[PDB]
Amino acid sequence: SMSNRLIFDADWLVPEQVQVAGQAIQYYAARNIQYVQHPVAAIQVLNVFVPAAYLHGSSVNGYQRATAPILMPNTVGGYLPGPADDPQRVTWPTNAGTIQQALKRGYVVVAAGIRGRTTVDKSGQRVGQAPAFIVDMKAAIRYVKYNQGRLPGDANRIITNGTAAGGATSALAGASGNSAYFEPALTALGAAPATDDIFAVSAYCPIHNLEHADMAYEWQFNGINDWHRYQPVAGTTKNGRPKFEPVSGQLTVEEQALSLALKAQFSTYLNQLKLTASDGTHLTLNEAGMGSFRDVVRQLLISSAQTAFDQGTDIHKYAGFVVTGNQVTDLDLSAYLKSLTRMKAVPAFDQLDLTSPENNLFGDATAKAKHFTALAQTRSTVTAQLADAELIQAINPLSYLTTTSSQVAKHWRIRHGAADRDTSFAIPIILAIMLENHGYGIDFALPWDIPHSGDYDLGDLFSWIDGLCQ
C-alpha cells in the first residue's frame, strides 16, 4: 500500500557468512523487501546483500560502500517466475554460488523476485505473462536507484545478469532504459519514482527476438531431421529441482516442408537488418542461406574451437573442424551442426498448437497462450489469436538498438555456448553485431562445448566488470 514508502534502511542489514573457495566471506543481508507499493504477487520482493566491509568503512577489491558495483541477477528461466535469490538458497532455481562469488569480489547484490507466465494472484487469475517479467525487473531497478546512497553500492553502476529467458531479461533491461511503453504498468504497481536505465549488461544465452527465432532455427537446422531434447519425470527431492528425461523424435514430412520455408524467409529477415562487419561490408545471405553472415557464424565457432584447442581440448568431439598444424583453419558448419544435433521441432518457438513456453508467455488474462508470428497464426492447429504487435516489439531487446542511444547501457557482455541448441547461434550473433554497429561496447563469444547454461565463467565476467568499474 501507500504506507510502503519504498525507503531502504541500512538498519535492516544483519550479519551472515558463507564459504567461498574455502574461506569465509562475511556479508550483511536484508530480505523480503516489497519493492512496489501495489504488488499483485507474493514473488515481488527483493533481497539485498552487502560485503561486510561496507558497513565498517572499509574496502573490497578496490571498492567502497559508495562505489561498489550493484549486481542485479535474476533467476528467470523458461519465462517462468524467478524467486528472489540468496547466497544461502539451495532451492531451485538459484544462482546462489554466483552471489557468493560476487560478494567476495566486492559487489553489492540486489536479487529481485520476478513474476512469470505461471504466476497467479490471490484469486487464481494469471498476472505474470508478458510484459510482467521486464516490468518487475524495471521496478526493482527503480527501487535501487530511488534508494541511491541509502542502499550500499553505486546506483550508477547497476549490472544485470541472467541466463536464457533470464538473459533476455537482463538484455531487455539494458536495451529499454526509461522506455515510455512500460510507464503505465509501473505506475499501476506503484514503483519507485526513479529511472531504470542501467550501466552494463551480462547475458548468458539470451532467449530473445522470439518472433524471428523460428526462422533462425530452421536456417540453422534444416536438413537435420531427428531432434533430441528433454521432458520431466516424476520425483520428489529436497532441492525442488525438476528432474528430466530425454525424449527424441523425427520431423514429419509436413514439418520438413515448413522448415524449408522458414529457412528461406530467414535470408530476407537477416538482410533487411542491414548488419555490417567491422570493415563496414553488409552481412548478407543469398536465397539458399549462404553468404557473408553465414561465414561470420562459422568464424565464431572456429574462434571457439581455437581457444579450446590451445587448452589441449580435443575439438574433434564434434565433426567438421579442419586442423592444419596447430591452427583450426576451417569448419564444415553443416557437419558440426549434424554432430551437435537438433533440439527443437518445427516451429521451434511459436508452436502451432500453442504448447511452447513462449506461446504461454504471450497469453493474457483471457487466453492462456497466443501466437506471435504470422506463419504460426496462419497454420494454427488450434483456435488462437496473435499477441499485440507493440507487446512483441516491446520485449525484444533489438527494437531499441536501431540507434546510438543515451538510454541503452553502454557496456555488454554476451555468451552463448557452442553446444547450446536452445536457439540458433544467429540469434545472439545478431544482438552482438547490432550492438557493435551502433557503437555500444560488446564482449561476445561462443564458449567451446558449453551447453544451455550460464555463470560458468565468473572469473572472466568479474574481470570484465572490474575493468569497467575500478
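We number the residues from 1 along the sequence you see.
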Name the higher of the two by mean Cα B-factor in the PDB entry, 92-100 versus 207-215. 92-100
Would you tell me which stretch averages the higher CA B-factor in the PDB entry, 57-65 or 399-407? 399-407
Could you tell me which one of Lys344, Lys370, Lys263, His282 shows the highest CA temperature factor in the PDB record? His282
Criterion, highest CA B-factor; candidates, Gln34, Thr423, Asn437, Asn47: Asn437
Looking at the C-alpha B-factor of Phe293, is it in the lowest, middle or highest third of its chain? middle
Lowest, middle or highest third: where is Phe309 by C-alpha B factor in its chain? highest
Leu446, C-alpha B-factor rank within chain (lowest, middle or highest third): lowest
Would you please rank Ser334 by its C-alpha temperature factor against the other modelled residues of its chain and give the third it falls in: lowest, middle or highest? highest
Where does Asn286 sit by CA temperature factor within its chain: lowest, middle or highest third? middle
